[PDB]
Amino acid sequence: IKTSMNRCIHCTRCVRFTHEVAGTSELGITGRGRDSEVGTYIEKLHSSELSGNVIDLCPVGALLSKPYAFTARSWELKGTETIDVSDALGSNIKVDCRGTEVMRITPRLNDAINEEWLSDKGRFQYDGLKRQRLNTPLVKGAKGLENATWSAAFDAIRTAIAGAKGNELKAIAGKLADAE
Amino acid sequence: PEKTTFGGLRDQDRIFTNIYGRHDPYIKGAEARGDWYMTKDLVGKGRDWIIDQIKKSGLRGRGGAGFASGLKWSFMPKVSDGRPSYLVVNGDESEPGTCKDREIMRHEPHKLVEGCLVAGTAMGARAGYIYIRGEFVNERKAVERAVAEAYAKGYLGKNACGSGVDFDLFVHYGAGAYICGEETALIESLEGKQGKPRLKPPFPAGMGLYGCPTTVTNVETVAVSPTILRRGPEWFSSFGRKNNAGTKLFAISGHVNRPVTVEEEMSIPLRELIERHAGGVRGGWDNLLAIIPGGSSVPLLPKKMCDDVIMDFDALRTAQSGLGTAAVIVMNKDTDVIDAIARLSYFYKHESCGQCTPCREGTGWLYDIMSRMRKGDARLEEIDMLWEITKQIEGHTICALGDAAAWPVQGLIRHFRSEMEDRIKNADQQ
Ligand SMILES: Cc1cc2nc3c(=O)[nH]c(=O)nc-3n(C[C@H](O)[C@H](O)[C@H](O)COP(=O)(O)O)c2cc1C
Ligand code: SF4
Ligand code: SF4
C-alpha cells in the first residue's frame with residue numbers, strides 16, 4: 001500500500017473496511033477538525049491478507065497500489081474478465097493488459113463467490129508471471145536441458161514411453177492444471 | 001409578570017438562591033433552603049402527572065434548542081421492550097459566552113441531583129449520568145459529594161426517597177471538547193468513542209446510549225423542574241410572555257461596569273438588564289458598537305436593534321438572532337468587531353470535529369477569510385463571497401456546529417458591512 005494522505009477526502013471507507021471486513025482494526029481517524037488524519041497512529045504495517053481491497057475502496061487515490069505505481073494509466077489497459085486460480089474459491093477478476101503485459105488484476109462483482117473482494121496473493125501475483133518462464137521445449141543431454149523443437153521432444157517422449165508399460169506410466173497433476 | 005412590562009424579579013421568585021455561594025452549598029444548606037423537601041410525594045404522584053405539570057408550566061429547554069421540555073420528556077418510551085432507559089444531564093457547558101452552568105454545579109449541586117431524580121422518574125429512566133466538563137474538576141468534586149450524600153441518606157438508589165422507584169445516578173466527565181455538548185456527540189463520548197455527532201434520523205429517544213432510549217437535558221432545566229413541581233406551573237408561567245413563561249439565568253459579560261451572573265424573568269428589555277444588573281455599559285449606553293445576545297453561536301445585534309430588543313426566544317428570532325443561552329456580551333465603540341468575530345471563527349475552526357465535509361473545510365475557510373479581512377488584505381467582493389460560503393455551510397452539515405459557525409459571520413456581514421468596507425478600502429488607500 002502506497003500512501004498520499006494529502007489527497008485524502010475524509011470518508012471512512014478504509015477505516016470501516018479495516019474494522020468490519022478485514023477485522024485487523026488498524027486504521028482510524030486521529031485528530032480533530034481540519035488537521036484530522038487517517039492511518040495508524042504508530043508506525044504499523046497492514047497485516048490482513050485482504051489489505052489490497054482498501055486501494056479499490058479508496059475513491060481519491062490516497063491509498064494506492066505500490067507494485068502498480070506509475071506504470072500505466074487506466075485508458076491504456078484492455079480488461080478481460082477471468083477467474084483467479086490462486087485458491088479454490090475461484091474469485092472473479094478482471095485482468096488489465098497493455099500489449100503483451102499484464103499490468104494489474106482487480107476483482108469483479110459476484111455475490112455468489114467473492115462479493116467484490118480479492119485476496120492480496122491473487123491481486124499481486126501477476127508479478128511472478130514475468131519471471132522464470134518456460135518458452136521452448138527442452139530435452140536433456142549430457143550438457144543438461146537444452147533447446148529443442150516440438151518434434152524432437154515428442155520423439156524423445158515416444159522413445160521413453162516405448163520402454164514403459166502399464167502402471168509404469170504415472171501422471172501427477174498440479175495445482176493450476178485445468179479440466180481439459 | 002405584568003403583561004405590559006416585565007422586569008425587576010423579586011427575591012421570593014428566584015429559583016437559584018445560593019447561586020453566589022454565600023451559604024453552605026452542601027446537603028445541610030440544601031435542606032435548610034428547601035431542597036429535598038417532599039420529593040417522596042412528587043415522585044409518587046406518577047410520571048404522567050409530572051409530564052402534564054411540566055407541559056402546563058411551559059418550560060422550554062435551556063441550552064440553545066428552546067424545545068419544550070415536557071414534549072421532549074413525553075417522547076420517552078412508556079413501557080420497556082427489554083431495553084433500559086437512561087437520563088444524561090448535559091453539564092458540558094462549553095460555549096464562548098456562557099458561564100452560567102458552572103455556578104449551578106458548584107453552588108447548587110443538590111438541586112441538580114434532586115432534579116435528576118425527578119426527571120428520571122418522569123421519563124422512567126433506571127440510571128442517570130451527569131456529564132461534566134473535564135476542566136471543571138472542582139465542580140465535579142462538588143457534584144460527586146452531593147451524589148454521595150444523597151446515596152447516604154437514601155435519596156437515591158432503590159426505593160429512592162421512600163417511594164417505590166429505583167434510580168441510580170453516576171457522574172461522568174469528558175476530556176475537553178465543545179462538540180461534546182451536542183446530544184449525540186455527548187452520547188458517543190460517554191460510550192467511549194470520539195465525540196462525533198450521530199446523524200439524527202435515528203433519534204436519541206429511539207436509540208441512544210448503549211443503543212437504549214435516552215434523553216439529554218441541560219443542568220438548568222433539570223434543576224428548575226423540581227421547584228416547578230413544588231412552587232407550581234402557574235407561578236412559573238406568570239413571569240414571561242405567552243409561549244415564553246419562565247425565569248432564566250442571564251450571564252452578563254464583556255464591556256460592562258460590573259459583569260454579573262443573575263436570574264431574571266424572560267422578556268426583560270436588554271437595556272434594562274444591562275443598566276440595572278450589569279451597572280451599565282462601560283462609558284454609558286451611548287458607547288455601544290454591538291451586543292451578542294445569546295452567546296457566540298447566535299448573530300450579533302447592533303446598538304440600534306439593541307435599543308428596543310426584548311430578551312425573549314421568539315422576539316430574538318424576529319430580530320434575526322436567538323436566545324440560545326442567556327450569555328449577553330457587550331462591546332464598546334473602542335472594540336474592534338472584526339477581531340472578535342475572527343476570534344469566534346478561529347474558535348469554531350478549532351472546535352469542529354472534522355466528521356463532515358462542509359464543517360471540516362468551510363470553518364477553516366471562514367477563519368482564513370476573516371483573518372485576511374482583519375487586516376484589510378481582501379477585496380470588496382470578498383464580503384459577498386463570504387456570505388455565499390456561509391450559505392453553503394448552513395443546512396448541509398450533520399449537526400448545528402456548522403450553523404453556529406456560519407451565524408456570527410453572517411451577523412457581521414449583515415450589520416457591520418460598512419466597517420469592513422472601510423477597513424478594506426483604507427488599507428488599499430494607505
Ligand atoms: C456544537 C454544539 C455544541 C453544544 N453544546 C452544548 C452545551 O455545551 N451545553 C448544552 O446544554 N447544550 C449544548 N448544545 C445543544 C445540545 O443539543 C443539547 O444537548 C440539547 O439541546 C439539550 O436540550 P435541552 O434544551 O432540553 O437542555 C450544543 C449543540 C451543538 C450543535
Ligand atoms: S478510503 Fe481513501 S479517502 Fe477514504 S479515508 Fe481511507 S485513505 Fe482517505
Ligand atoms: S458540522 Fe462540524 S462538528 Fe458537526 S459533525 Fe460536521 S464536522 Fe463535526
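- If you check the header, you'll see the entry was determined by cryo-EM and the resolution is listed as 2.88 Å.

**Some remarks on the overall build of chain A**
So, step 1. Looking only at helices and strands, chain A has 4 helices and 9 strands in total.
So, step 2. Along the chain direction, N to C, the helices and strands of chain A fall in the order β-α-β-β-α-β-β-β-β-α-β-β-α.
So, step 3. With the principal axes as the frame, chain A shows a C-alpha extent of 80 × 30 × 30 Å.
So, step 4. Scored against the burial criterion, the 180 residues of chain A give a buried share of 30%.
So, step 5. The contacts of chain A with a sequence gap of at least 6 include a subset with a gap of at least 24, amounting to 43%.
So, step 6. About 13,100 Å² of surface is accessible on chain A, with carbon and sulfur atoms providing 53% of the total.
So, step 7. Placing the 25 positive and 23 negative side-chain charges of chain A at their respective mean positions leaves the two points 5 Å apart.

**Some remarks on the pairing of strand β7 (residues 101-107) of chain A**
All names here are of chain A.
So, step 1. In terms of residue burial, β7 counts as a mostly covered element, since 5 of its 7 residues are buried.
So, step 2. Two strands pair when backbone bridges link them, and strand β6 (residues 92-98) and β7 are joined in this way by 6 bridges, in the antiparallel orientation. Along β7, the bridge assignment pairs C97 with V102.
So, step 3. Following β6, the chain reverses through 2 residues before pairing antiparallel with β7; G99 in that reversal takes a positive phi of roughly 65 degrees.

**Looking at the side chain of B:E114**
Residue and element names in this part refer to chain B.
So, step 1. Looking at where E114 falls in the secondary structure, it is placed in helix α6 (residues 109-123).
So, step 2. In this structure the side chain of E114 is engaged in a polar contact, spanning 3.1 Å, whose partner is the side chain of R230.
So, step 3. Beyond its immediate chain neighbours, meaning those up to four positions away, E114 contacts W36, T39, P226 and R230.

**Some thoughts on the domain arrangement of chain B**
Residue and element names in this part refer to chain B.
So, step 1. Segmenting chain B into domains produces domain 1 (27-241) and domain 2 (337-430).
So, step 2. For domain 1 and domain 2, the distance between their C-alpha centroids amounts to 36 Å.
So, step 3. Each side of the interface is counted separately: domain 1 has 11 residues, and domain 2 has 9 residues.
So, step 4. Both sides of the domain 1 and domain 2 interface together cover about 880 Å² of buried area, and 74% of this is carbon and sulfur.
So, step 5. Broken down residue by residue, the surface that domain 1 buries against domain 2 is led by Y178, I179 and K196, which jointly contribute 53%.

**As for the site of ligand 2**
So, step 1. Within the structure, ligand 2 sits among A:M5, A:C8, A:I9, A:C11, A:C14, A:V38, A:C58, A:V60, A:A62 and A:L63.
So, step 2. For the shell around ligand 2, the per-class residue count stands at 10 nonpolar, no polar and no charged.

**Here's the deal with the interface of chain A and chain B**
So, step 1. Listed by partner, the interface residues are 7 residues for chain A and 14 residues for chain B.
So, step 2. Both faces combined, the contact of chain A with chain B buries some 800 Å², and carbon together with sulfur accounts for 38% of it.
So, step 3. The interface formed by chain A and chain B holds 1 salt bridge in total.
So, step 4. Counting across the chain A and chain B interface gives 5 residue pairs in polar contact.
So, step 5. Of the residues that constitute the side of chain A that touches chain B, the class distribution is 1 nonpolar, 4 polar and 2 charged.

**A word on the site of ligand 3**
So, step 1. Around ligand 3, the structure places 13 residues, and the nearest of them are B:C353, B:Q355, B:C356, B:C359 and B:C399.
So, step 2. Class assignment of the residues belonging to the shell around ligand 3 gives a composition of 8 nonpolar, 5 polar and no charged.

**A closer look at the sheet that holds strand β6 (residues 260-265) of chain B**
So, step 1. Pairing is mixed across the open sheet formed by 5 strands, whose spatial order is β6-β5-β9-β7-β8 (chain B). Each of the sheet's edge strands pairs with one partner strand only, and the pair in question is β6 and β8 (301-302) of chain B.

**Some points on the packing of helix α14 (residues 337-351) of chain B against helix α17 (residues 401-415) of chain B**
All names here are of chain B.
So, step 1. The geometry of α14 relative to α17 is characterised by a closest axis approach of 10 Å and an angle of 170 degrees between their N-to-C directions. As summarised for this structure, α14 and α17 are arranged roughly antiparallel, according to the angle between their axes. When α14 is examined against α17, the residues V337, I338, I341, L344, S345, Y348 and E351 are found in contact with a partner set consisting of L401, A404, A405, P408, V409 and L412.
So, step 2. Tallied by class, residues from the contact of α14 with α17 come to 11 nonpolar, 1 polar and 1 charged.

**Some points on helix α8 (residues 183-191) of chain B**
Residues and elements named next belong to chain B.
So, step 1. In terms of burial, α8 is largely enclosed, as 7 of its 9 residues are buried.
So, step 2. Of the residues making up α8, those classed as buried are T184, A185, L186, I187, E188, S189 and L190.
So, step 3. Buried positions along α8 lie against β1 (86-91), β2 (127-132), β3 (168-173) and β4 (214-218).
So, step 4. In the segment just after α8, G192 is the residue with positive phi, at about 125 degrees.

**Thoughts on a nonpolar patch on the surface**
So, step 1. A cluster of nonpolar side chains, contributed by A:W150, A:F154, A:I157, A:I161 and A:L169, occupies part of the molecular surface with about 540 Å² of accessible area.
So, step 2. Within the secondary structure, A:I161 sits in helix α4 (residues 150-163).

**Looking at the sheet that holds β1(B)**
All names here are of chain B.
So, step 1. The 4 strands lie next to each other as β3-β2-β1-β4, forming an open sheet whose pairing is parallel. Two strands bound the open sheet, and with one partner strand each, they are β3 and β4. Taken pair by pair, the neighbouring strands of this sheet meet at an average axis angle of 20 degrees, ignoring direction.
So, step 2. Pairing geometry for β1 and β2, over 6 bridges, is parallel. In the strand pairing of β2, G91 is matched with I132.
So, step 3. Most of the contacts of helix α9 (residues 219-231) go to β4, to which it runs at about 90 degrees, and overall it touches β1 and β4.

**Topic: the pattern of salt bridges**
Residue and element names in this part refer to chain B.
So, step 1. Here the structure, examined in full by the defined rule, presents 28 salt bridges over all chains.
So, step 2. Note that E93 is salt-bridged to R133, the shortest N-O span being 3.2 Å. Residue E93 is found in the loop between β1 and α5 (100-107), and its partner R133 is found in the loop between β2 and α7 (137-152); the two are separated by 40 residues along the sequence. With respect to class, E93 is no different from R133; both count as buried.
So, step 3. Between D168 and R126 there is a salt bridge, and its shortest N-O distance comes to 2.6 Å.

**Digging into the packing of aromatic side chains**
Residues and elements named next belong to chain B.
So, step 1. With the rule as written, the count across this model stands at 12 aromatic pairs over all chains.
So, step 2. Between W36 and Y155 the ring centres are 4.4 Å apart and the planes differ by 10 degrees, which places this aromatic pair in the stacked class. Linking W36 in the loop between α1 (27-32) and α2 (39-44) with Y155 in the loop between α7 and β3, this pair joins segments that are 119 residues apart in sequence.
So, step 3. On the basis of relative accessibility, which here comes to 4%, the residue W36 falls in the buried class.
So, step 4. With centroids separated by 5.0 Å and ring planes inclined at 85 degrees, the aromatic side chains of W235 and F239 adopt a geometry described as edge-to-face. Assigned by exposure class, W235 and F239 land together as buried.
So, step 5. Aromatic rings pair up to connect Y86, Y129, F170 and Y210 into one cluster.

Parameters and conventions
Residues numbered from 1 in each chain as written, not as in the entry; some residues may be left out. Chains lettered and ligands numbered in written order. Part of a larger assembly, values for the part shown. Heavy atoms only, no water. Helix = DSSP H or I, 4+ residues; strand = E, 2+ residues; numbered from the N terminus. Buried < 20%, exposed > 50% of the residue type's maximum accessible area, 1.4 Å probe, protein only. Contact = heavy atoms within 4.5 Å. Areas by Shrake-Rupley, 256 points an atom, 1.4 Å probe, with all protein chains shown as cover. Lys, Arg positive; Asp, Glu negative; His and termini not counted. Charge placed at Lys NZ, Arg CZ, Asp CG, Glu CD. Pairing = 2+ DSSP bridges. Polar contact = N/O pair within 3.5 Å; in protein donor to acceptor, adjacent residues only side chain to side chain. Domains from an automatic or database assignment. Buried area = accessible area lost by both parts, 1.4 Å probe. Near = heavy atom within 4 Å. Nonpolar A, V, L, I, M, F, W, Y, C, P; charged D, E, K, R; others polar. Salt bridge = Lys/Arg side-chain N within 4 Å of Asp/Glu carboxyl O. Axes fitted to C-alpha atoms, helices over the stretch in contact; angles between N-to-C directions. Parallel < 35°, antiparallel > 145°, perpendicular 65-115°, else oblique. Patch = residues over 30% accessible without salt bridge, like charges linked within 9 Å, V, L, I, M, F, W, Y side chains within 5 Å. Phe/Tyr/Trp six-rings, centres within 6.5 Å; stacked < 30°, edge-to-face > 60°.

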